[PDB]
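Take a look at the structure set out below.
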Amino acid sequence: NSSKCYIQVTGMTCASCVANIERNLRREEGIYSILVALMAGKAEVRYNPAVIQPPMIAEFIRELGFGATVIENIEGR
Ligand SMILES: [Cu+2]
């Protein structure tokens, strides 16, 4: 079933961006949860990688939004 990946957006607390991004994503294209975690300062989309593609789901966010660095991992303290 649908898995997730993390994505760092170049300007999380721009604001509005994220409302738009919910509107972009929850439309369609293999998503079964949107990213957002602007509260921390990042994105975590839950999707299927077959329809859209892991590069593609990140990459798309560049052209309409902002620099979207993909992170198929999470670690820190
Ligand atoms: Cu913005």
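The first residue you see is number 1, and the count goes up from there.
How was it done? The header gives solution NMR.
Each Cβ is built from the backbone N, Cα and C atoms, and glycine gets one as well.
Noted in Swiss-Prot for the protein shown:
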DOMAIN    3-69  domain 'HMA 6'
BINDING   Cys14, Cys17  Cu(+) 5 binding site
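As recorded in the PDB entry, the features of this protein are as follows:
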SEQADV    74-77  cloning artifact
The cloning artifact (74-77): DSSP-derived helix, strand, coil residue counts: 0 helix, 0 strand, 4 coil
Which of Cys14, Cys17, the listed binding-site residues, has fewest other Cβ atoms within 10 Å: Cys14
Counts by DSSP class (helix H/G/I, strand E/B, coil) across the domain 'HMA 6' (3-69): 23 helix, 19 strand, 25 coil
